[PDB]
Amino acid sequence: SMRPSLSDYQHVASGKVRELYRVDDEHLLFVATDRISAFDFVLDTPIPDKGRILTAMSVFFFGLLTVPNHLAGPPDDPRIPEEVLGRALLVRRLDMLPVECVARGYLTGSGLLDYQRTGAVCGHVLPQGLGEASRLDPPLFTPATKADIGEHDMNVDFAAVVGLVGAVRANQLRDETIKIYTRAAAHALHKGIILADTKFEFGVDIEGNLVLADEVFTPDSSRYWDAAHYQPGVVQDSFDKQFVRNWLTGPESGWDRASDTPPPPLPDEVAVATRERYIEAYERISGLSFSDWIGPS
């Protein structure tokens, strides 16, 4: 249990709810936090154990899939500081590809909106008559690129991906994205949870291999829905975040989402209920017990 301090590692970067540290020239520490985002705001109130639960989830899916991934040691690797144990992974440093590899099995969000405006999504001209939460058969590769800080990603088509990473690599990204999405979506649905869409971040290792990195198939990287009352044609509830969304936009919060100003803190009971939803998604899909996952509660 002798472990380095987080302060022993250089802070490299990161986004809203995760952190990245340099361990050495070829390894990083990939840290999930308990912070949660809703309506594109990072909320004041952390969700207890969220970082650990989502790390456990990513680790499960990395083990399920047979494709190369960025894991470089066990979840209890001694290079991991105690203060992030269970919510941090020792990973291989990759050259990240500048494209968001999104797979959509169902039509919602910007995919639906692009379809309603144009009849197409990311260069895919779709059948007429689709709508909110329609199943996409087959699932779509719907790549995007990151835009300015704070604003939504830009949907692009396959030709744009070719110009970003090369023709052969673009085809490789497309094929792998669809393959692993299809497998994971079937696995989750078998247990009563729909993986509506998901985003992969790929990088390339020293050998030129395509490597799956960042987070995979978590509620932060994906839209999860409860299959039990999946109803094409209406907006589906977020499996994990609906209690948060309902409280924020309900009569008790005092917050108007349309104001586009930072939301107030959550009730502790809502945070704990949300924690339980994350655990439920993890346990149902993985078939493992979160009580066995490492790290402090």
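Whichever C-alpha set is largest while still superposing within 1.5 Å between the two forms counts as the rigid core. The numbering used is simple: start at 1 and walk along the sequence shown.
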* Which of the two stretches, 3-11 or 288-296, moves more in 8 other deposited structures of this protein when the core is held fixed, judged by C-alpha RMS distance? -> 288-296
* Structure fact -> Stretch with higher mean Cα temperature factor, 193-201 vs 131-139, is 131-139
* Could you check the entry and say whether 266-274 or 49-57 has the higher mean CA B-factor? => 266-274
* To do: Kindly indicate the residue among 39, 230, 247, 30 with the greatest C-alpha B-factor in the PDB record.
  => 39
* Per the PDB entry, which option out of 220, 114, 83, 77 has the greatest Cα B factor? -> 220
* Asked: Which third, lowest, middle or highest, does the CA B-factor of residue 87 fall in along this chain?
  -> lowest
* **Chain third (lowest, middle, highest) by recorded CA B-factor, residue given as residue 280** => middle
* Structure fact -> Entry-reported C-alpha B-factor of residue 209 relative to its chain, by third, is highest
* State the tercile, meaning the lowest, middle or highest third, of residue 109 with respect to the CA B-factors recorded for its chain. => middle
* Would you mind ranking residue 35 by its C-alpha B-factor against the rest of the chain and naming the third, lowest, middle or highest? => middle
